[PDB]
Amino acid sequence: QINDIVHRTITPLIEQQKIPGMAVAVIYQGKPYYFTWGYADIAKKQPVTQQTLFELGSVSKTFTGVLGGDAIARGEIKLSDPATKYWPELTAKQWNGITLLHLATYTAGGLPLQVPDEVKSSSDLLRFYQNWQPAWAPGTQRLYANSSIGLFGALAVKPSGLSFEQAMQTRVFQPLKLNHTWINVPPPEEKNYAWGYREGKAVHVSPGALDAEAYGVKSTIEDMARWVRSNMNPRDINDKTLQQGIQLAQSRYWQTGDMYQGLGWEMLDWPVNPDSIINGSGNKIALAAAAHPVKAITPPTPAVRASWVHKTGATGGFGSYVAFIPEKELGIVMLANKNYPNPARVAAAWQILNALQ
């Protein structure tokens, strides 16, 4: 049963990685199953519950990709639009030919993993992009980057007239009944906000430019189970543009190695080789490992049901992982208040979902 494989996998993982608190949801034949361990606050012995909020880190990129997909489905943007269409002050010559597709899929030509920590004002942000010099031509190399998809999210909402948070709330969170999912945790919900732990110290994510767009969502294990269900079976969503946007986020725009780049989501063909995904999540020590040549998929392949769809995410004090297999109606969410190595997350998720086929 589900309980046995979950306990048999997560209990050693928590011990090996010294994880202070953890929540897991397994989605199995259209129903969620929840598990919690440990503490949201170690000192106060406040337990992790199904209402504890965890920082999703870069799992937030799946929300940004879906929000962008919804804007496409609304007719507000196209991925073929130039980035300058929505930010005309981006007059620097290197931006000719860079599209929203490039920003969304990390293929603009070497935008850096992090926005520099010295970027504080909007003028600081404009100068950063104006001074950026691409290492490669657009649409040739994938370099995973907050400064890339973060800007995609910020520009994707410009035709709506809404802020990124208002757009995300009204167009994604509220239609899917994610009523305990936040970019900015409101004061009444702070009692539910777990502490993250980095080297035994309690921490929360630090402010940064494009934080909301790139890594800034906090959510419960229940809302994330609903998130996985909605992305696994979009045809069950009654909001047409949101259903379409969810589908567009699992389209395959680029191929590199064994994986395909969606909007936020990343996909591999199912059945998936576990070494392919465990190794693909490892630490990229060498510079060359950060850039991957991409093959254009034109037109993009519409969402393939026989896929392993997944995304890792971390902040200073949290580590999260989401994966699902639409063909098998199977998925998992793993939220922890410690940033522990990605390969450990993927291996545990693999063992659980493999046992449930």
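All residue numbers are counted from 1 along the displayed sequence.
With 162-170 and 196-204 compared on mean CA B-factor from the PDB entry, the stretch scoring higher is 196-204. Looking at mean Cα B-factors across 331-339 and 10-18, the upper value is held by 10-18. In the deposited coordinates, the residue among 92, 79, 217, 73 with the greatest CA B-factor is 92. Within the selection 150, 234, 264, 139, the deposited Cα B-factor values reach their highest point at 234.
Ranked against the other modelled residues of its chain, the C-alpha B-factor of residue 284 as given in the entry falls in the highest third. Remark: residue 39 belongs to the middle third of its chain, ranked by C-alpha B-factor as recorded. Annotation for residue 182: CA B-factor lies in the lowest third of the chain's modelled residues. Residue 244: CA B factor lies in the middle third for its chain, per the PDB record. In the PDB entry, residue 123 places in the highest third of its chain by CA B-factor.
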